[PDB]
There are 2 protein chains.
Amino acid sequence: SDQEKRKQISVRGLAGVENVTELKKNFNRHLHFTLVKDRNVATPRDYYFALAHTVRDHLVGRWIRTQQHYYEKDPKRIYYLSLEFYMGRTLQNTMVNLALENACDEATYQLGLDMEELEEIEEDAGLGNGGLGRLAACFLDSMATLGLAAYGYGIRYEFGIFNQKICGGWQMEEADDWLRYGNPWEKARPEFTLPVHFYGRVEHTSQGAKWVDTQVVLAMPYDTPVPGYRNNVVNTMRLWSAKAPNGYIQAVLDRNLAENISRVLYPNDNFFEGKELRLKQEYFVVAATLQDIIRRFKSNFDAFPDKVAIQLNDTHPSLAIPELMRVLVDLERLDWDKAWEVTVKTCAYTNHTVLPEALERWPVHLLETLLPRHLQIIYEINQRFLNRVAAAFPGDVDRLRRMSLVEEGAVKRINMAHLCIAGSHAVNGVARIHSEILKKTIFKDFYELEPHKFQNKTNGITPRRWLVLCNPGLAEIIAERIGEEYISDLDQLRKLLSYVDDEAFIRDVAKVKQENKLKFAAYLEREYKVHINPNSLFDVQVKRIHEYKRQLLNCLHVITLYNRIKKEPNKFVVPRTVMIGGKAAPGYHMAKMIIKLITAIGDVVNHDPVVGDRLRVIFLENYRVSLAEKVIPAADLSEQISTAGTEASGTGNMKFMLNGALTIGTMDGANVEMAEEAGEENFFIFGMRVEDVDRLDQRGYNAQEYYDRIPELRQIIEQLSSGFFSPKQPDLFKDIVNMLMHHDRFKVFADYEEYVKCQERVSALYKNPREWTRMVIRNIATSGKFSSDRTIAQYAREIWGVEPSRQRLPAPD
Amino acid sequence: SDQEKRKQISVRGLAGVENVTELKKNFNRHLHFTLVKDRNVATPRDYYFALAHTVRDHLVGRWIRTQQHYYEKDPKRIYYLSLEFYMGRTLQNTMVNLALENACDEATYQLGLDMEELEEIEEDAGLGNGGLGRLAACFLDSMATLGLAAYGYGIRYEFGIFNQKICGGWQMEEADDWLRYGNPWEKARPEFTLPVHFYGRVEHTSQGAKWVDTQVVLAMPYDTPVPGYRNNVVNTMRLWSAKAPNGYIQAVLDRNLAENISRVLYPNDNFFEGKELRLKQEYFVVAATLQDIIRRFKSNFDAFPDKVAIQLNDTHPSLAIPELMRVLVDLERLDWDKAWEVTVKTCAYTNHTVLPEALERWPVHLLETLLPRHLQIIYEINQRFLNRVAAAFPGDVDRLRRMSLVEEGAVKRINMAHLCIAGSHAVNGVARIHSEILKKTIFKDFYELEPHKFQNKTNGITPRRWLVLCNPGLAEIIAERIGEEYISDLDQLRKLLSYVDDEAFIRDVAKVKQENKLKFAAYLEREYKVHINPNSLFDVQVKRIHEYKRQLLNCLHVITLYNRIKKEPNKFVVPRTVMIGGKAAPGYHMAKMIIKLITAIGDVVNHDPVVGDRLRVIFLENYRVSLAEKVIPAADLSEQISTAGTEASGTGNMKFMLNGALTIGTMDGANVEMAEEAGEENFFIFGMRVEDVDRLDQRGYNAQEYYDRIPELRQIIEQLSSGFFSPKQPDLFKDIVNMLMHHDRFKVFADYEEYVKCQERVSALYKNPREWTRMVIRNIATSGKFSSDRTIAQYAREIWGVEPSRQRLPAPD
Ligand SMILES: CN1CC[C@H](c2c(O)cc(O)c3c(=O)cc(-c4ccccc4Cl)oc23)[C@H](O)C1
Ligand SMILES: CN1CC[C@H](c2c(O)cc(O)c3c(=O)cc(-c4ccccc4Cl)oc23)[C@H](O)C1
Ligand SMILES: *Cc1c(COP(=O)(O)O)cnc(C)c1O
Ligand SMILES: *Cc1c(COP(=O)(O)O)cnc(C)c1O
Ligand SMILES: OC[C@H]1O[C@H](O)[C@H](O)[C@@H](O)[C@@H]1O
Ligand SMILES: OC[C@H]1O[C@H](O)[C@H](O)[C@@H](O)[C@@H]1O
Ligand SMILES: *[PH-](=O)([O-])[O-]
Ligand SMILES: *[PH-](=O)([O-])[O-]
């Protein structure tokens, strides 16, 4: 008896075979016994939670079977360390991946409820800034769908990326209290809390180095399940929360200082801010993550790289290299050389930008007092690494200074990217053009030393959330000709090329875009009382505000469209609704000025009676994942106009392509590969290429030359300077004008002419609905290469050494 | 259809008819779907949580039916405002009150688990300091058992009363992270959050006063169910949590300043510390509580007192009087006189102490800047109140100065007790002697003005937790002769007097005490590796450390016992294990010195070979509700030796009586009434009475007179002064000695002789087990008057105007 009796404790049978009667039963139970409510006081929100909990049961049932399966099989495990995971909404995603959607729709319907109304109660889990954070989220969805034993590790921020409010045309920041009503998907794990150390000092006893006199901060994990598509695999995303360890009153209040580490996500995108709190956050997630990994590995180290793969999402968790060394040498007492071997073979680094001001260079004075032992370990790694460089290039002292992990100057700094390259067995770019730039520019030296380390892994988006979820209409007209296999094998959309001349398909593609455009216009009016003509070309640019992303270039074109209608008021032009959305880092002046200019322009354009509904400029407030799932499926033209060579890859570009929009962009990042897949004849490429940018830099960029040679451009600048877009404050945009004229690192003027002319070609094709639609079909049909399933499959095979699999596990019962 | 379909959403059927098969089914479900665990990684803690959640379902089912019942019936509602609620453990209490104990025991047993091991995983919810907080908790249990529509309102402190650690014989404080693993009984209610205002100013517009420019702090309620005994009534305890309202990073971090209000419970017992954070806490709970009340009342004000009763647990929530006035006058715009009428008729005040240093007197300068409008309203109430006094006693200006709510001096202060008396329709003491003292001393003036307002409501404890729960053995031997009716009608224990000469009952009473003593000794050894002789008289004094509670007097007796054994080493003495436990307010020097003396004494006594097991002094570390439920049932002698007139009532005294221990105490608080109920011949009363204390104060207390006249006392003092109990630091107790000799406000020396002689009488009776046991039976049988059911019944009938009821509601299904 005894222990044998506990065998009754089994997931054996769960909340149901996945059908209406049982779903309704559990919905009722959760509404009363979980939310402590009844049908008389229950609000739609209470009803959304009851459905979320009901659906979560089915998820957990598989979550448990999956982890049990991993413990038994013991596959090599993959850990994706990221300081960001932009997850978005979970209810619908879960229902879709688990095939619960239809049954849940019926169950709620029978209970006198509307599921879509319920689904809309859920807001985003915005623990990310944008591209980097959302890539991680797409990766999590893909690894689960590919049957990989992967874990996402990050920080559980109390407040994610701020909510953007537009006041008087300016961005205002409001904390994103995403946990106000709780989070039904996560599961706190206090029983697994681990300690993280800070400050202290290092003493060298007779048997090694000891990091003593430190301050401790606990890391409590919160687990979130990530369901693969219909394979019954549910992986985990473990996020750490900071806790203080365990006069009198003030001492208890001061416990807040330690828990401040996981309070808020730094709202910077592609920019480095050397703040100690940020450094604490990076080591916080790293220290706790590696403990959890080595522990999970234990329940000697020669086989560590065979069972463990740690992927560094940018340099943010780079401290993982000296930490893993610290643990192996100082605690496990492995000899240095063996520890290092294990370390390099375990880690791999992914770079996401080439812009200098985004790269992390921590002052050593900050590292010596906060993580003394790590600074020591880093110097040693540096000395040994440089010794190898010296050996491979005798006499090349200059190369030694260039590759050193240490930068000299008034302020000594540690170049975290160099650290990542040294301690990683693989370094990879996120787009072919980006990966090549890394090999001939910023990382040329390292590439020359270890060519074998450098790879490329072109980004991708998950077709689940970014097609099946956000664009059900498109997903169904597609499914009715080629089936549903494409959903987890996107390269099958290639079959659609067989319908480029099919009248029924052309009709359906255009009708779905129009329904989406119609639906989006009804959403804008509803929540923001904003009107937009649905029978106009939806010109959309949504991404974070950046000088490099050149929202300003888009602004110049808008005013050019406006001026042209004022010059020839009665001439016909294809109606346009230009939409620009995105947030600016709070401290990014130019970015905030750019947002004001956009609204300022809309203020003039939108109220000019002569213009009417021929042109409308709208700034989409609070752009986020949930909004992207809304506006992107209703887009016609996708703006991807970053200066050639500045956008590592981009993913928004991919979202638009899969959703029926045509692209106008530069030969930058993945734009290059999307054009290659669809054919340049089906794309709208324009402007300078990387070479043209470089040549201009050699001779020198003089924006005045373009000003003096382009009349329409002169007029626009004169309007901005004049106070034409700010009558009550004539010099309001003086900062934007001077930047463009004398300090524009992104050459907006240099691409203006080719940009406007290319925009003319867009309107031309739009005037011909049938041809426009047909070109779109050629795009949608060639977007398969950009499925995150493809990207993860490569990481798995070329970096992690694990074979992807679509094998499905049996349902819980 | 439609709305009619939602009728399917019902509590109709719940987790089970209250039997094994279904209990096991839900235990399994919760273990996997709620805790996300499986039988392979599940720890006893995970198993305790699975059982707690399983049991909670049955509680919630009734919780929902009860509130639905109240909305339909619309009875007058009773709100018990307290800054403290010392609840303790909930699992067993719930199982008992719901009659789930046996079935749950069997279900767990069948699943290969031990419920008692599981129950011991649960720790206290120590949101209280001691007596006052635990009285509220007993009151909550009783109101539910008496079928009253009552709500407990307080603050949800992140950290309750600190955990006490003894290091080097001294008390060390450690934050009580009671929420580390979560709380399965509460239910957060973010959807019911309310705003609380602070600071600001008052401007007087043409239509009234306006409190503007304030700072806002949100109050989010967390509901906890309180089950009555087998009547299917589950009331609510709603506790408020502080939340901040909704550069950039620092602004988000600073949100901690607002949430600090509900961070920690001030650890002071019977002492006032005029800290702004404390004042914020008092208004925090008051402001949010009254909003919730008026709101619940709305879903004109002449009938407010007919549907609402607000009971002020001490002066802590006294701001409820000016707040209710503020709301009625400033917001509801009622004329002053009508508002006041409604206010007095709604509120009632309970006083818990006569000691001056416990009474709240807030400096006006603190009130004007923090709650300006309330200071204004208070002055107006004062002027109008004094005008009435002036009218009732013309020319008595001195009485005006004495009764004023405002105290003049260098530092102007508001006497909160006077405020409570003025704005309450009833004021009550917590014990007959206490209530009389209030009428002839500190509140004589007010009593003279409004004799009708003053009442008495003798405290009481709940027989559920304090007998059926903590002492199952006693509860069963009692149940086998008179049944179980006494459980909710304690006056039935009177029937036991019929067994004072029954050999079987005498045998059983003594055997149960011995089993408890045996069990307690096994608990002490287990967790604290402390040994105690179970065949010795268990002399126990557990309560907070206070000079007034005179733990020191007990210390003098212990050393007297020690010295006597050293004087006549071979003379026989009844073996004793003296136990003293309790916490000292962190800043209470004397109290901390008293704790050290106790351990210091144990250090000498416990290691003296000549003494051996004839005497053992033990300091019970971290005394709390859960420990009280352990040590009290194993006690033989209950120490209640406060100076006559200082202990308002006491409740520990009541706990011991109901559990089979004899009492040695002064004629103080409820000790007076317990002796009256059992008969002084069955009690051990000693020392000065209130009159004797007062006479000594008239002529003057000279401790040297007792020192010079009592040889044994001189010896003890000489030992303390000598360094006999602190050889490494001879003058360590100089503070205790000097206090006793020259500044002892509690006259420990004055009661020493009568105390020791009375202790001689105790040992005498113990030498005769049969007679001791028989006296105990006379105590247990006369403890019925001290059931909190009796106390709540009186409040209900004499103050709240609601009739108590034992009518049971139908089970959820
Ligand atoms: C000279 N000065 C200009 C502004 C810049 C700066 C700030 O002062 C504050 C910020 O929040 C940002 C930001 O988010 C992104 C970028 C950035 C990033 C990549 C390429 C070019 C730029 Cl300008 O720059 C920022 C920094 O102080 C250097
Ligand atoms: C003169 N001085 C003595 C100590 C006293 C004091 C403190 O400085 C600090 C404290 O934490 C307490 C406490 O908890 C209880 C009592 C108290 C309560 C009732 C009766 C008698 C006393 Cl001494 O007094 C405290 C205050 O400063 C006045
Ligand atoms: C996909 C996504 C991004 C990335 O957009 P890019 O144009 O590649 O920079 C940014 N923000 C959100 C909300 C996204 O969904
Ligand atoms: C009942 C109780 C008290 C009250 O004890 P008194 O001796 O009346 O002061 C204090 N603390 C705890 C833990 C209690 O259970
Ligand atoms: O790789 C994910 C993303 O990282 C950064 O946001 C880059 O700016 C972007 O080009 C890339 O797509
Ligand atoms: O009324 C509850 C308790 O309040 C205070 O703690 C008093 O010290 C005590 O005598 C009383 O029993
Ligand atoms: P069960 O033991 O989980 O199937
Ligand atoms: P049901 O409508 O709760 O019984």
# chains A, B, ... in the order shown; residues from 1 in each chain; ligands from 1
>>> residues_near_ligand(ligand="ligand 8", cutoff="9 Å", atoms="only C-alpha atoms and all ligand atoms", output="PyMOL selection string")
(chain A and resi 38-39) or (chain B and resi 7-13+64-65+812-813)
>>> write_last_selection(atoms="N, CA and C atoms", output="mmCIF file, in the first residue's frame")
data_model
loop_
_atom_site.group_PDB
_atom_site.id
_atom_site.type_symbol
_atom_site.label_atom_id
_atom_site.label_comp_id
_atom_site.auth_asym_id
_atom_site.auth_seq_id
_atom_site.Cartn_x
_atom_site.Cartn_y
_atom_site.Cartn_z
ATOM 1 N N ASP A 38 -20.809 35.012 -9.553
ATOM 2 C CA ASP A 38 -22.038 34.337 -9.952
ATOM 3 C C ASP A 38 -22.581 35.081 -11.175
ATOM 4 N N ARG A 39 -23.551 34.498 -11.869
ATOM 5 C CA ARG A 39 -24.074 35.137 -13.068
ATOM 6 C C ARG A 39 -24.750 36.490 -12.881
ATOM 7 N N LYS B 7 -28.648 31.294 -17.373
ATOM 8 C CA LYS B 7 -29.217 30.713 -16.162
ATOM 9 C C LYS B 7 -28.552 29.374 -15.888
ATOM 10 N N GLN B 8 -27.801 28.895 -16.874
ATOM 11 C CA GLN B 8 -27.089 27.641 -16.731
ATOM 12 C C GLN B 8 -25.906 27.919 -15.820
ATOM 13 N N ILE B 9 -25.489 29.181 -15.759
ATOM 14 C CA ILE B 9 -24.367 29.543 -14.910
ATOM 15 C C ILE B 9 -24.908 29.634 -13.487
ATOM 16 N N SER B 10 -24.636 28.581 -12.725
ATOM 17 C CA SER B 10 -25.122 28.465 -11.364
ATOM 18 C C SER B 10 -24.148 27.681 -10.485
ATOM 19 N N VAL B 11 -24.199 27.915 -9.176
ATOM 20 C CA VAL B 11 -23.330 27.181 -8.263
ATOM 21 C C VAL B 11 -23.997 25.820 -8.098
ATOM 22 N N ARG B 12 -25.232 25.741 -8.595
ATOM 23 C CA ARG B 12 -26.068 24.537 -8.573
ATOM 24 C C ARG B 12 -25.381 23.331 -7.952
ATOM 25 N N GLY B 13 -24.456 22.748 -8.706
ATOM 26 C CA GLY B 13 -23.719 21.600 -8.223
ATOM 27 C C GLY B 13 -22.281 22.026 -8.022
ATOM 28 N N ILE B 64 -20.757 32.054 -1.667
ATOM 29 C CA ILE B 64 -21.620 32.610 -2.710
ATOM 30 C C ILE B 64 -23.104 32.578 -2.316
ATOM 31 N N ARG B 65 -23.556 31.469 -1.732
ATOM 32 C CA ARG B 65 -24.949 31.351 -1.318
ATOM 33 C C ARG B 65 -25.286 32.313 -0.183
ATOM 34 N N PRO B 812 -25.065 24.559 -0.495
ATOM 35 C CA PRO B 812 -24.972 25.037 -1.884
ATOM 36 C C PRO B 812 -25.848 24.346 -2.934
ATOM 37 N N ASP B 813 -25.777 23.018 -3.002
ATOM 38 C CA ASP B 813 -26.561 22.258 -3.972
ATOM 39 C C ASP B 813 -28.066 22.422 -3.777
#
>>> residues_near_ligand(ligand="ligand 2", cutoff="10 Å", atoms="only C-alpha atoms and all ligand atoms", output="PDB file with C-alpha atoms, in the first residue's frame")
ATOM      1  CA  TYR B 266       3.349  48.289  13.403  1.00  0.00           C
ATOM      2  CA  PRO B 267       4.603  45.740  16.007  1.00  0.00           C
ATOM      3  CA  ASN B 268       3.439  47.737  19.042  1.00  0.00           C
ATOM      4  CA  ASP B 269       1.000  46.277  21.577  1.00  0.00           C
ATOM      5  CA  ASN B 270      -0.721  48.720  23.948  1.00  0.00           C
ATOM      6  CA  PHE B 271       1.550  51.604  22.904  1.00  0.00           C
ATOM      7  CA  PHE B 272       1.050  54.652  20.699  1.00  0.00           C
ATOM      8  CA  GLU B 273       3.779  55.737  18.282  1.00  0.00           C
ATOM      9  CA  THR B 353      -6.821  49.891  27.629  1.00  0.00           C
ATOM     10  CA  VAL B 354      -6.542  52.496  30.367  1.00  0.00           C
ATOM     11  CA  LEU B 355      -2.776  53.005  30.139  1.00  0.00           C
ATOM     12  CA  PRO B 356      -1.998  56.557  28.937  1.00  0.00           C
ATOM     13  CA  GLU B 357       0.849  55.594  26.610  1.00  0.00           C
ATOM     14  CA  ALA B 358      -1.439  53.432  24.479  1.00  0.00           C
ATOM     15  CA  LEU B 359      -3.953  56.191  23.790  1.00  0.00           C
ATOM     16  CA  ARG B 544       3.306  39.991  24.844  1.00  0.00           C
ATOM     17  CA  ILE B 545       6.186  41.190  27.067  1.00  0.00           C
ATOM     18  CA  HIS B 546       5.059  44.155  29.156  1.00  0.00           C
ATOM     19  CA  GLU B 547       6.053  45.729  32.425  1.00  0.00           C
ATOM     20  CA  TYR B 548       2.357  45.905  33.241  1.00  0.00           C
ATOM     21  CA  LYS B 549       1.827  42.193  32.515  1.00  0.00           C
ATOM     22  CA  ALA B 584       8.615  42.548  22.724  1.00  0.00           C
ATOM     23  CA  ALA B 585       7.909  45.622  20.622  1.00  0.00           C
ATOM     24  CA  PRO B 586      11.232  46.222  18.808  1.00  0.00           C
ATOM     25  CA  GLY B 587      11.774  49.593  20.481  1.00  0.00           C
ATOM     26  CA  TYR B 588      10.729  48.566  23.996  1.00  0.00           C
ATOM     27  CA  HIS B 589      14.060  48.390  25.832  1.00  0.00           C
ATOM     28  CA  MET B 590      12.761  47.095  29.170  1.00  0.00           C
ATOM     29  CA  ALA B 591      10.738  44.410  27.399  1.00  0.00           C
ATOM     30  CA  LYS B 592      13.796  43.191  25.506  1.00  0.00           C
ATOM     31  CA  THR B 646      -3.938  47.547  34.022  1.00  0.00           C
ATOM     32  CA  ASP B 744       8.397  50.671  38.976  1.00  0.00           C
ATOM     33  CA  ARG B 745       4.969  51.960  37.923  1.00  0.00           C
ATOM     34  CA  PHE B 746       3.634  48.426  38.221  1.00  0.00           C
TER      35      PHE B 746
END
>>> closest_residue(among="A:154, A:160, A:395, A:451", to="chain B", atoms="only C-alpha atoms")
A:160
>>> closest_atom_pairs(of="chain A", to="ligand 3", cutoff="9 Å", atoms="only C-alpha atoms and all ligand atoms", output="CSV")
residue,atom,partner,partner_atom_place_in_ligand_line,distance
A:86,CA,ligand 3,13 (C),7.9
A:88,CA,ligand 3,15 (O),8.6
A:126,CA,ligand 3,13 (C),8.6
A:128,CA,ligand 3,13 (C),8.7
A:129,CA,ligand 3,11 (N),7.0
A:130,CA,ligand 3,10 (C),3.8
A:131,CA,ligand 3,4 (C),3.8
A:132,CA,ligand 3,4 (C),7.6
A:133,CA,ligand 3,3 (C),8.3
A:134,CA,ligand 3,1 (C),5.9
A:135,CA,ligand 3,1 (C),7.4
A:461,CA,ligand 3,1 (C),7.9
A:541,CA,ligand 3,7 (O),7.8
A:542,CA,ligand 3,7 (O),6.3
A:543,CA,ligand 3,7 (O),4.6
A:544,CA,ligand 3,9 (O),6.3
A:549,CA,ligand 3,9 (O),8.0
A:582,CA,ligand 3,11 (N),7.5
A:583,CA,ligand 3,11 (N),9.0
A:623,CA,ligand 3,13 (C),6.0
A:624,CA,ligand 3,13 (C),3.7
A:625,CA,ligand 3,13 (C),3.9
A:626,CA,ligand 3,13 (C),7.3
A:627,CA,ligand 3,13 (C),7.3
A:628,CA,ligand 3,15 (O),5.4
A:629,CA,ligand 3,15 (O),7.5
A:639,CA,ligand 3,7 (O),8.4
A:640,CA,ligand 3,7 (O),6.9
A:647,CA,ligand 3,9 (O),7.9
A:649,CA,ligand 3,8 (O),7.0
A:650,CA,ligand 3,8 (O),3.3
A:651,CA,ligand 3,8 (O),3.8
A:652,CA,ligand 3,7 (O),3.9
A:653,CA,ligand 3,7 (O),5.8
A:654,CA,ligand 3,8 (O),7.8
A:655,CA,ligand 3,1 (C),6.9
>>> interface_residues(of="chain B", to="chain A", cutoff="8 Å", atoms="only C-alpha atoms", output="ChimeraX atom specification")
/B:1-11,14,28-29,32-33,35-39,57,60-61,64,110-113,173-175,177,180-181,187,190-191,246,248-249,252-253,256,260,263-264,266,586
>>> select_by_dssp(residues="stretch 470-717 of chain B", states="strand (DSSP E or B)", output="MDAnalysis selection string")
chainID B and resid 537:542 576:581 615:620 637:640 662:665 684:685
>>> select_by_dssp(residues="stretch 86-284 of chain A", states="helix (DSSP H, G or I)", output="number ranges by chain")
A: 91-98, 101-110, 115-119, 131-145, 190-192, 248-253, 256-262, 276-284
>>> residues_around(residues="stretch 686-689 of chain A", least_positions_apart="3", cutoff="9 Å", atoms="only C-alpha atoms", output="compact mmCIF listing (two decimals) with C-alpha atoms, in the first residue's frame")
# COMPACT_ATOMS: atom_id res chain seq x y z
CA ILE A 641 12.41 52.57 -45.61
CA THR A 643 18.69 53.65 -44.61
CA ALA A 644 20.49 50.81 -46.40
CA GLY A 645 22.58 48.87 -43.91
CA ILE A 664 7.99 49.82 -50.71
CA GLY A 665 11.47 49.69 -49.23
CA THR A 666 15.24 49.93 -49.41
CA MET A 667 17.61 47.03 -49.99
CA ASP A 668 18.07 46.67 -46.24
CA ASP A 692 25.91 53.97 -52.39
CA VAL A 693 25.68 54.94 -48.70
CA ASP A 694 29.35 54.12 -48.17
CA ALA A 750 19.56 61.43 -50.45
CA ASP A 751 16.67 59.00 -50.90
CA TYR A 752 13.83 61.53 -51.25
CA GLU A 753 13.60 61.73 -55.05
CA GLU A 754 13.75 57.98 -55.68
CA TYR A 755 11.31 57.51 -52.80
CA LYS A 757 9.00 58.44 -57.71
CA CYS A 758 8.67 54.91 -56.36
>>> residues_around(residues="residue A:391", least_positions_apart="6", cutoff="12 Å", atoms="only C-alpha atoms", output="list in words")
residues 384, 385, 397, 399, 400 and 449 of chain A
>>> write_last_selection(atoms="N, CA, C and O atoms", output="mmCIF file, in the first residue's frame")
data_model
loop_
_atom_site.group_PDB
_atom_site.id
_atom_site.type_symbol
_atom_site.label_atom_id
_atom_site.label_comp_id
_atom_site.auth_asym_id
_atom_site.auth_seq_id
_atom_site.Cartn_x
_atom_site.Cartn_y
_atom_site.Cartn_z
ATOM 1 N N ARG A 384 43.926 35.719 -22.382
ATOM 2 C CA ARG A 384 44.073 34.455 -23.088
ATOM 3 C C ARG A 384 43.610 34.560 -24.538
ATOM 4 O O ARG A 384 44.182 33.937 -25.440
ATOM 5 N N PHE A 385 42.569 35.350 -24.763
ATOM 6 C CA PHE A 385 42.046 35.517 -26.105
ATOM 7 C C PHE A 385 43.013 36.311 -26.973
ATOM 8 O O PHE A 385 43.269 35.957 -28.123
ATOM 9 N N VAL A 397 50.037 44.609 -33.424
ATOM 10 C CA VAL A 397 49.559 45.178 -32.168
ATOM 11 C C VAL A 397 48.267 45.984 -32.338
ATOM 12 O O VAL A 397 47.443 46.065 -31.423
ATOM 13 N N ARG A 399 45.761 45.273 -34.226
ATOM 14 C CA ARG A 399 44.640 44.362 -34.212
ATOM 15 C C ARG A 399 44.351 43.929 -32.783
ATOM 16 O O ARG A 399 43.210 43.615 -32.439
ATOM 17 N N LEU A 400 45.388 43.912 -31.949
ATOM 18 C CA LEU A 400 45.221 43.525 -30.552
ATOM 19 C C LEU A 400 44.361 44.578 -29.860
ATOM 20 O O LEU A 400 43.450 44.247 -29.099
ATOM 21 N N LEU A 449 39.956 35.785 -37.581
ATOM 22 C CA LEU A 449 40.555 34.865 -36.612
ATOM 23 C C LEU A 449 39.838 33.517 -36.562
ATOM 24 O O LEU A 449 40.474 32.471 -36.539
#
>>> residues_around(residues="stretch 296-304 of chain A", least_positions_apart="4", cutoff="7 Å", atoms="only C-alpha atoms", output="list in words")
residues 292, 308 and 342 of chain A
>>> closest_residue(among="B:347, B:631, B:662, B:50", to="ligand 4", atoms="only C-alpha atoms and all ligand atoms")
B:631
>>> residues_around(residues="residue A:480", least_positions_apart="4", cutoff="12 Å", atoms="only C-alpha atoms", output="JSON, numbers by chain")
{"A": [473, 474, 475, 476, 484, 485, 486, 496, 504, 505, 508]}
>>> closest_residue(among="B:386, B:87, B:600, B:107", to="residue B:18", atoms="only C-alpha atoms")
B:107
>>> atom_distance(atom1="atom CA of residue A:535", atom2="atom CA of residue A:521")
10.3 Å
>>> residues_around(residues="stretch 227-235 of chain A", least_positions_apart="5", cutoff="9 Å", atoms="only C-alpha atoms", output="ChimeraX atom specification")
/A:59-60,62-67,93-94,96-99,140-152,464,487-488,806-812
>>> atom_distance(atom1="atom CA of residue A:105", atom2="atom CA of residue A:493")
28.0 Å
>>> closest_residue(among="B:237, B:620, B:477, B:416", to="ligand 4", atoms="only C-alpha atoms and all ligand atoms")
B:620
>>> atom_distance(atom1="atom CA of residue A:413", atom2="atom CA of residue A:127")
28.3 Å
>>> closest_residue(among="A:569, A:633, A:581, A:472", to="residue A:617", atoms="only C-alpha atoms")
A:581
>>> closest_residue(among="A:454, A:139, A:379, A:185", to="ligand 5", atoms="only C-alpha atoms and all ligand atoms")
A:139
